[PDB]
Amino acid sequence: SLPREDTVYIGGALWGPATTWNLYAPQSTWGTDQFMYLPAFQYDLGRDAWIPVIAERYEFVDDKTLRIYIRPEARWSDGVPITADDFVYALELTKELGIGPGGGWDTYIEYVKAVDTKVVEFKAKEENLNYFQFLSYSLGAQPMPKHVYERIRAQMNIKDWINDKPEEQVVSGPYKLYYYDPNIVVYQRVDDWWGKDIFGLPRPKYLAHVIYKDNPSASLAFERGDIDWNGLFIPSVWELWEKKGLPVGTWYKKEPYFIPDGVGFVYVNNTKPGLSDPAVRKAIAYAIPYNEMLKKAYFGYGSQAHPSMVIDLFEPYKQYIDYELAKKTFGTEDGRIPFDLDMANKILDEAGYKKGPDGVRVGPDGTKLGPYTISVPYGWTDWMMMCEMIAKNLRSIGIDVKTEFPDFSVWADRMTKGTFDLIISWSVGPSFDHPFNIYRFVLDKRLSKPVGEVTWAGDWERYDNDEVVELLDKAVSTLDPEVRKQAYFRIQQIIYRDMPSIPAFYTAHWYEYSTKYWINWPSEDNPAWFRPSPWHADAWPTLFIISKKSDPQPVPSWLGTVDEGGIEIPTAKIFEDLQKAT
Ligand SMILES: OC[C@H]1O[C@@H](O[C@@H]2[C@@H](O)[C@H](O)O[C@H](CO)[C@H]2O)[C@H](O)[C@@H](O)[C@@H]1O
Ligand SMILES: [Ca+2]
């Protein structure tokens, strides 16, 4: 039924059934945040710049008070202007509900205020001044249609609202839900999208995502032409074009094939007995067969993460790693953790864990390091294999771990509510504020929630440490790189001592394309957007760059910095402005 050449078929982004289209619900559906709701400004990792999207510009009143001016054209899909009240509303709702976009804003933002119809003002909290979070929450604030949400709240609990009626859906992005059922989710373009004159219309009229049960079935679909825009783990992906001559590609045409997405962790629930012991978590770190698993199970699509949680694939981040502490701690040339069952057993022995007759460790207090599961979603075959290789090694050191692979939604439920034992999951990636972002996401108790309550915002492992809080509250009280640095280095000491969870590998930014119906995909040859994976939070510009094969169109002129004749503002220009307002 869908017009094939006017539709982008997608894979690897939606796993399990659709849920809601409500970022305030416990779970929501792929596409909701990506395409339905846009921010004031879109961070562009590729260029280290910011696209003014819903906002046309900012002004620092002073260094702690930022005003953001909404484009006059910015307008919800129902014709109601997007206004400052929508910005205030979205954030206040998140604080009230304990869930929603911009979780944690109130920790570092003193107030968000609508100073006029199209003018929002954000003010940094000065007690725990943090310029990075001040900028992050404000520039990337996503408004929500207050006039919509208020009426829902009159009628039911917000957290229960589904938002699944297409004709009632009210969005800021260029797409909204068209149709769904147990086997597919489909979005349709908003042809009179407010952003049409500034940004153009995205070329696909439809985004469709057939719900595949597992990797092999999605891959088969991709091999046969049925997926244009894929975000999948695929084994030996190069074979698709090198051997099978299919019209498909990836970012790179040779080894890594994928750019990095972020840091994949073996998360260890700190609230469970045994797993609550830093010694046990440290022993787990030495028992991960990093290289063999990344080579065999991950196909070299990504490499071992540094234990500082800093993504050292990028030269600019390396200054934030205390290499002398890491090398001294782990005895390796760059300070990575070696796979070493001897050390793993040694750590366990020197903490007084002793194998019982069944081979499973018991601690000096009688805690058995056993039955635990390590879990990832069913059908995520790369992660499943990695789980099996990890679980085998843990068992041999007397930590009784078995794999379990439930439906994505079940897995997500246990992850977010902190009822898992071990999992592999994601965290965050390269960003203007990186390494801060990952410490904030993984280690900060203030973004967690009690066991049994959902968090998407951070610290699934329920790590609890007041010192980290204090260091995050201090790390960017001034813009002096050296101050960040020292806070980062101290957090690193704490990480090596507590091993809150294990940074294991750099996740791949899964991204594959077919040129059968759509061309001008972003790639190393055509590096127009650096987050093109269909599931990425920041995927949307990809849809403005591709063209129908039957009608090639040039790359949008708004891409590129201001000095290149685009509309994007360098991060350096924003800090220059911040500085200048001091
Ligand atoms: O590599 C693990 C699996 O990753 C899947 O993509 C994930 C997205 O759907 C998810 O929501 O975001 C994470 C961030 O790490 C992605 O890894 C692939 O679709 C699967 O094929 C793959 O096995
Ligand atoms: Ca969004």
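We number each residue from 1, following the sequence as shown. Heavy-atom basis, side chains included; hydrogens, waters and symmetry copies ignored. Remember, it's 1-based here, ligands and their atoms both numbered in the order they're listed.
- Among protein heavy atoms, atom 14 (C) of ligand 1 sits closest to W426 CE3, 3.7 Å.
- Not a single N/O/S atom of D538, whether from backbone or side chain, sits less than 3.0 Å from the Ca ion (ligand 2).
- What sits closest to atom 7 (C) of ligand 1 on the protein, heavy atoms only, is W380 CH2, 3.9 Å.
- Here the side chains of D86 and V88 are not in contact, with every heavy-atom distance at 4.5 Å or above.
- The Ca ion (ligand 2) lies under 3.0 Å from an N, O or S atom belonging to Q142.
- For atom 21 (O) of ligand 1, the closest heavy atom belonging to the protein is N215 OD1, 2.5 Å.
- For the Ca ion (ligand 2), the set of nearby N, O or S atoms under 3.0 Å includes one belonging to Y37.
- Residue, atom and distance of the protein heavy atom nearest to atom 19 (O) of ligand 1 are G12 O, 2.7 Å.
- When side chains are defined from C-beta on, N215 counts as touching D382, because their heavy atoms get closer than 4.5 Å.
- At the shortest separation from atom 5 (C) of ligand 1 among protein heavy atoms lies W510 CD1, 3.9 Å.
- Among protein heavy atoms, the minimum distance from atom 22 (C) of ligand 1 is reached at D382 OD1, 3.5 Å.
- The nearest heavy-atom contact from the protein to atom 12 (O) of ligand 1 is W535 CE3, 3.8 Å.
- Between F530 and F314, the two ring planes are perpendicular [angle over 60°; tilted spans 30° to 60°].
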